[PDB]
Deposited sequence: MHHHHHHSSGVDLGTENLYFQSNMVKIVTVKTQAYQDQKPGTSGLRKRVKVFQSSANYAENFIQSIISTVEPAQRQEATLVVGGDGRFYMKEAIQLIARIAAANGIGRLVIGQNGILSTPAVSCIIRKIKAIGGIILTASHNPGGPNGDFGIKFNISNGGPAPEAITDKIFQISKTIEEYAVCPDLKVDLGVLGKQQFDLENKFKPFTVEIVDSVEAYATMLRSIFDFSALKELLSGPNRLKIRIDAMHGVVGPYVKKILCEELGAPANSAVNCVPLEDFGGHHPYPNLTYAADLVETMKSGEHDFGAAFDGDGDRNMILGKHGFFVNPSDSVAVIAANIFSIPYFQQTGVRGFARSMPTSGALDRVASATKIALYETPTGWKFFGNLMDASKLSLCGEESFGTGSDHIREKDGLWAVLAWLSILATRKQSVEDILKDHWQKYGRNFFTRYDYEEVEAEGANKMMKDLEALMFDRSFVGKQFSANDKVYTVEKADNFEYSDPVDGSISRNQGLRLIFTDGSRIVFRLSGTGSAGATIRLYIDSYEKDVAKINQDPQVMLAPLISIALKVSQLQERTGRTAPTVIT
């Protein structure tokens, strides 16, 4: 642990873009491309001014996928050589994305490097990702990721301590003396769960939750971490501390290949959990994605809570949670394609509702302005301003808190909610890997059609019901915090009855078609969703001429 600093000549790569969720490549790319990881790590660290490196701490950890520990060792060797004073690293390299955000904010780190590719498959033939978060605990913004990219493109050398090796498996402080450097390099290995659990212990009423989850008359739960990073969090918090029986923790051992499956929480990737819930034995089920910031919520018999409804239900019962009883509710937000269910709650309770373009930064900005308490995305995303990433296990404890106060089943809570606010039937059609020319033509033609002065007021017949266009545009957002203007964020068809159709191209092309059908009638709100959605789906396909432009007669995926 007495080690030399050396300078390594390297050759730059041209494709190392950090994106909004990190640099992601196949594992084999990282393995076969000389200094691929080294170059990128150096580029991140070179964004930190030399004068500020010794007093800086970086938080480092990841989702447990293959190659993670090797990448972490590399980050330590390079951080040390570059004069970064300290790393804080989760035991075994493990930290969920929400735990990283938690720890950065708690210890006032300059940021963190997260070894995750989120839900993407891992293993020797899978994907790997390197994500950079800054001092507010959230994703590095474009100005920073721009700078990292620029540096990586022309880098000709990096600094490294080749003989430095960190023991990731044992808790505590390891110090490294660097040759011809006065100050030591320090690594603190922390328990992967402790800080995050201590945070949750202050947010939620663990006494109430222990009462709910323990004993003969307990709420019966099945919580599926999909062999990813949230596993130990489930075991240590829900089972060990809150007393849920050990069987409650499903697929809660992190695996380097996530068990050979894709850790994304939806009805088909988490098919095993759904089949478990179908037996009527359990009251509540949930699944998480690989790095822990997405969640799916299930009730008895595998009743599916739509993510757009989940955030609305949490909003409508938000003072069941001690944190909000103390902060108050500062605002609500959803991404524009997410259903308008949250809006109904916000309008009725007179709380601001922010409708943002797709992406974290819009939520993070509003939170940093003390204007946003609770946010949701239709893509299984739920969060609050307790940190600056979405948080799947948090959403689960929010649901458990509501179940404890309401003393009703998941399905009955939703039925009561629909009765009170009306129901926003919702689905998302994905058309994957469509020919770009056809997708682009479809969008440009539709947008032109929508811009015509006569389009507003146009009527579309169902069947029975007539839909009337209230507004039609290509969504634009002026950020109230950083002043940026986001344009071309999705074609919106907004109907006078509270329903909407939205088309986006994904950022082969992917078309995402979102259908939001609002119904107030008692005779309609408990019908089957794809049946109730069929009229607007028909209207959407006809006005867009999607089949004509793409050759597709059906979506690839329906959620």
Which bits of the deposited sequence have no atoms placed for their C-alpha? 1 to 22, 530 to 533
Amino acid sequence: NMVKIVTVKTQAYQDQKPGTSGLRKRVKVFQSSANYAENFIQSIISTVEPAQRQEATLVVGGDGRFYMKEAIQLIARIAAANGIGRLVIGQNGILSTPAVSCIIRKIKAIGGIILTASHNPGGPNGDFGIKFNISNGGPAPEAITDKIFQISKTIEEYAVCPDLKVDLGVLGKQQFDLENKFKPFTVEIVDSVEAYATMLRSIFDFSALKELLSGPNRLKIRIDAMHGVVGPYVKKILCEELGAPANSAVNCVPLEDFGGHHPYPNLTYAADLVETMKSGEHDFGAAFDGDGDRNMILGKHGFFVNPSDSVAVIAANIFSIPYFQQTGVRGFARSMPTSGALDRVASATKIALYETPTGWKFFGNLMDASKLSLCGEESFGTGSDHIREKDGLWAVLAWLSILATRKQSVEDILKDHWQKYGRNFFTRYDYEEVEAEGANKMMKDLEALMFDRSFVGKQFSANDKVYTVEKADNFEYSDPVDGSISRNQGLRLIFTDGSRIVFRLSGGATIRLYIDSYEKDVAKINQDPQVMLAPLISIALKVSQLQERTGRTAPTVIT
From here on, numbers count along this sequence of modelled residues.
Using only the Cα atoms and their B-factors as the entry lists them, report which of 46 to 54 and 497 to 505 averages higher. 46 to 54
Of 218 to 226 and 93 to 101, which one has the bigger average CA B-factor? 218 to 226
Maximum C-alpha temperature factor per the entry, among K471, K235, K181, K173, belongs to which one? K181
Among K106, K415, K350, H262, highest Cα B-factor in the entry goes to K350
Chain-relative C-alpha B factor for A270 (record values, thirds): the middle
With respect to C-alpha B-factor, does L23 fall in the lowest, middle or highest third of the chain as deposited? middle
Quick tally, chain-level thirds of C-alpha B-factors: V543 sits in the middle
Third of chain Cα B-factors occupied by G231: lowest
What third of its chain's C-alpha B-factors does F30 belong to: lowest, middle or highest? highest
